[PDB]
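Chains as they are written, first to last, in full-length UniProt numbering: chain X, 128 to 323; chain F, 128 to 323; chain P, 128 to 323.
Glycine is no exception: its CB is placed at the ideal position from the N, C-alpha and C atoms.
Below is one structure, written out as structure tokens; comments come after it.
Encoded structure:
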């Protein structure tokens, strides 16, 4: 069964499943996250679809960054209370999430052996790029940094994935006319996965 | 059988399988394309090998862009008449194309759930970069755009993939005298795929 | 068995497995390399973790380049005497290398059909980017070149893979004092895989 090789958020959820900004009253966006086991690695594919106004209007600032923090327990279960993503992940079931248990969730996690915790003498950072398309159809470039693991906030935080989208320009992607909706193009990164 | 997880053009076809330029009267290049299923995603691997003289000589201009348009039917069979690629895809058979029927061709296609159709409703694409190597061995950078399912053109056009290669420079990558075959380095992008 | 689809160095070997610099008297770094079969392609995942002082002190210079040269025989076995990597690859066994024989090693190799030997205006180099993280956590960008096949050196050198990391900047990545071990973020590239 190939569907269990995916651990994902589902494609275009009915409602916003992610609270990117602390200032928001509830989930302010749709986080689309797909994790695929591909040999010794995880293929990670992620992007964002703006939902709440204050989030979407971030396009109007010249200097912006927002982070999705995803925290997992010892079994590879998403800790919804601590994480930016507020609905747990599941296997592929069409364009949707399956509803049953997760098979070998742990082997979707970033290797603690390759990406350790609280080790000043090693690094866990992954850097990439993605884009936003403005109303004027110009490709606005978005920086993406990825930090794996690192310090664990809670006693049960056994694995970490943090994704920061940032940008810096003399000009803002968008005006105050608004009537614009923020969406990042997809970013794909790769990491080594933990065993069961 | 792993061979059915790939849908491609085959490696290095005898002669040009793609008519990239509107001005060409026939196939003017070899479009090398690999679509590999990787769980809920498709890994897409693409580059071009110039054949016709007029096509190879694009290296001599300061402002150049070319697009391969791929249209697919409801079963996911390439609509060759409408497409730049004039030869259908089939599974991996060694370094070449297999000759039988295609297994689950639709599950290679870009998801209409993730990528619905824009018929004047919206506007969008996905961005990357690749390079050309000049006779002086210097890496000339080429921009790549990818548009999924933006617009359906004929009644049987169930899926769209458009890929545009462009560059803009004060100098042309090759001189009039230093003119050789146009070849791109491979570009990889990823999309969420439709189900069977 | 999914483990045989992976061919790697293992995670964080106890001792340096790679001699990057010719000036080094023994292995001066840890080469982390993972090759995963992905249909008709191989997903190649590579980065380095510095070990020797001479190698770690590379962080203090403004213009640096180093290359890992990998040569394989007709059976797809790494030729250690010739290669920068001095320890053979094996399949996944947890966070480590398998110890037995290698299953279908040749199919992890770069296609001679796609990437021929010393053939003019044919096949191509691969260019990419990755990063080094300085003490202030600022991302220093590293250019990567990848060369497939191309020139063989010894009579049993049936396959070739070269990886060049280079950089050129107005400032050195680290200060003289704040310098620490040199570690690259992972670079992921793709090639068409030779068959069995």
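For residue 219 of chain P, a Cβ of chain X is located within less than 7 angstroms of the residue's own Cβ. Note on geometry: alpha-carbon atoms of residue 237 of chain P and residue 289 of chain P lie some 11 angstroms from one another. Residue-level contact by beta carbon holds for residue 310 of chain P and chain X, with a gap shorter than 7 angstroms. When Cβ-Cβ separations below 7 angstroms define contact, residue 132 of chain F makes contact with chain P.
Judged by DSSP in its simplified three-state form, residue 233 of chain X adopts helix. Note on the stretch 251-317 of chain X: whole beta strand (DSSP E) runs with a minimum of 3 residues are 252-260, 266-275 and 286-295, in chain order. For the pair residue 178 of chain F and residue 259 of chain F, the Cα-to-Cα distance works out to about 15 angstroms. Taking 7 angstroms as the cut-off, the Cβ atoms of residue 146 of chain P and residue 139 of chain P do not count as close.
Judged by their CB atoms, residue 162 of chain P and residue 267 of chain P are not nearer to each other than the 7 angstroms cut-off.
With a 10 Å radius around the Cβ and a threshold of 16 neighbouring Cβ atoms, residue 253 of chain X comes out buried. Residues of the same chain with a CB within less than 8 angstroms of the CB of residue 209 of chain X, apart from the 5 flanking positions on each side, are 196, 198, 280, 281 and 284 in chain order. For residue 271 of chain F, the closest of F:191, F:249, F:300 and F:231 by C-alpha to C-alpha distance is F:191. Counting the other CB atoms within 10 Å of its CB gives residue 141 of chain X a total below 16, which places it among the exposed residues. Taken in chain order, the whole alpha helix (DSSP H) runs of length 4 or more contained in the stretch 172-255 of chain F are 180-183.
Straight across, the Cα-Cα distance linking residue 323 of chain P with residue 218 of chain F is about 17 angstroms. Between residue 189 of chain F and the set F:308, F:306, F:297 and F:320, the nearest pair of CA atoms involves F:297. Residue 299 of chain X is outside the set of residues whose beta carbon lies under 7 angstroms from a beta carbon in chain F. In the DSSP assignment, residue 159 of chain F falls within the beta strand (DSSP E) that extends over 156-165. The beta-carbon separation of residue 242 of chain P and residue 275 of chain P, rounded to 4 angstroms, stays under the 8 angstroms limit for a contact.
Residue 174 of chain X is not a Cβ neighbour of residue 300 of chain X, given a cutoff of 7 angstroms.
Contact between residue 215 of chain F and residue 204 of chain F holds, since their C-beta atoms are separated by about 7 angstroms, short of 8 angstroms. Residue 200 of chain X and residue 206 of chain X have their C-alpha atoms spaced approximately 7 angstroms apart.
Distance from the CA of residue 168 of chain P to the CA of residue 318 of chain P, rounded to the nearest whole angstrom, comes to 5 angstroms. Looking at the DSSP output, residue 169 of chain P sits in a beta bridge with P:164 and P:318. The C-beta of residue 173 of chain X comes no closer than 7 angstroms to any C-beta of chain F. With distances taken between CA atoms, residue 286 of chain X lies nearest to X:277 out of X:277, X:309, X:182 and X:194. Bridge pairing for residue 133 of chain P: P:163 [DSSP]. For the stretch 243-265 of chain X, the set of positions with a beta-carbon nearer than 8 angstroms to some beta-carbon of chain P reads 248, 249, 250, 252, 253 and 254 in chain order. Of the residues F:186, F:246 and F:128, the one whose Cα lies closest to the Cα of residue 294 of chain F is F:186. For residue 194 of chain X and residue 151 of chain X, the gap between their C-alpha atoms comes out near 13 angstroms.
Cβ neighbours of residue 159 of chain F within its own chain (closer than 6 angstroms, five residues either side excluded): 136 and 174. Using a CB distance cut-off of 7 angstroms, residue 317 of chain X counts as an interface residue toward chain P. Under the 10 Å beta carbon count, residue 304 of chain P is surrounded by fewer than 16 other beta carbons and is classified as exposed. At least one CB atom of chain F sits nearer than 7 angstroms to the CB of residue 135 of chain X. The alpha carbon of residue 157 of chain P has as its nearest neighbour, out of P:257, P:246 and P:309, the alpha carbon of P:309.
Distance between residue 171 of chain F and residue 251 of chain X, taken at the CA atoms: about 27 angstroms.
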